[PDB]
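1. Sequence, then structure. It's an experimental one.
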Amino acid sequence: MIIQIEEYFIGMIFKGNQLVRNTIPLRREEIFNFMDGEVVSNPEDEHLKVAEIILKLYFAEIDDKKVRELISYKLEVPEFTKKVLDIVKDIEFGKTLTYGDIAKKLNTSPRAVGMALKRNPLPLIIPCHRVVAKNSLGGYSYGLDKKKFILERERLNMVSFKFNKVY
């Protein structure tokens with residue numbers, strides 16, 4: 001479950017063929033003491049292949065839907081997350097709005113939706129970035145610097161399909 005790469009310790013944990021929680025960046029190099037049993041996750045293939053994938057969508061360079069290699073997530077929600085998830089299904093790299101318009105879109109409010117995408121079990125897939133506060137930027141657990149970079153990166157570098165017209 002625990003794995004160090006580049007400058008982040010990814011906590012990928014699943015119940016088999018379905019994800020549940022896989023996140024966390026760098027912090028304590030000796031964090032290996034916070035788990036007397038794991039400290040592996042089988043770095044061989046299963047980890048390298050996924051690692052590059054995760055970092056891929058991160059630096060806006062995954063292309064396509066991407067909703068697959070990230071493994072299907074199940075359960076895990078901080079008071080709410082289903083509604084917000086419905087948001088990703090629509091918004092992609094290019095949209096940006098707050099919680100108000102989102103929550104109101106389903107049947108709730110930006111208050112409950114806040115804690116939702118906030119402690120989302122899978123931040124590297126959920127459009128929490130495209131959900132700022134009234135003013136600008138609104139995060140507590142990881143973000144700001146990254147959310148800033150990813151916010152500008154997405155807008156920049158527009159990837160378009162190939163012009164293949166066969167009449």
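-> Yes, it's here. Numbers count the residues shown, from 1 in each chain.
2. contacts for stretch 74-90?
-> Residues outside stretch 74-90 that contact it (CB atoms under 8 Å, 6 or more residues apart in numbering) are 15, 18-21, 102-103, 105-108, 112-113, 115-121, 125-128, 130-131. Every C-beta, even on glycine, is put in place using the N, C-alpha and C of the backbone.
3. 10 Å - rerun?
-> Stretch 74-90 has contacts (CB atoms under 10 Å, 6 or more residues apart in numbering) with 13-21, 65, 67, 73, 95, 97, 99, 101-103, 105-108, 111-122, 125-128, 130-131.
4. Select only the buried ones of those in ChimeraX?
-> To isolate the buried members of the contacts of stretch 74-90 in ChimeraX, using 16 or more other CB atoms under 10 Å:
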select :13,19,20,21,73,99,102,103,108,113,114,116,117,118,119,120,121,122,125,126,127,128,130,131
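5. Show me the contacts of stretch 74-90 that map onto strands.
-> Counting by DSSP state E, the part of those found in strands is 13-14, 19-21, 97, 131.
6. I'd like those residues laid out as TSV, including distance to residue 81.
-> Shown next, in TSV, are those (distance: CB to CB, whole Å):
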residue	distance to residue 81
13	17
14	17
19	13
20	12
21	12
97	18
131	12
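7. Among those residues, which one lies nearest to residue 29?
-> For the ones in strands among the contacts of stretch 74-90, the closest approach to residue 29 (CB to CB) belongs to residue 13, at 20.2 Å.
8. before we move on, the earlier item: which one among the ones in strands among the contacts of stretch 74-90 gets closest to residue 164?
-> Nearest to residue 164, judged by CB to CB, of these is residue 97 at 33.0 Å.
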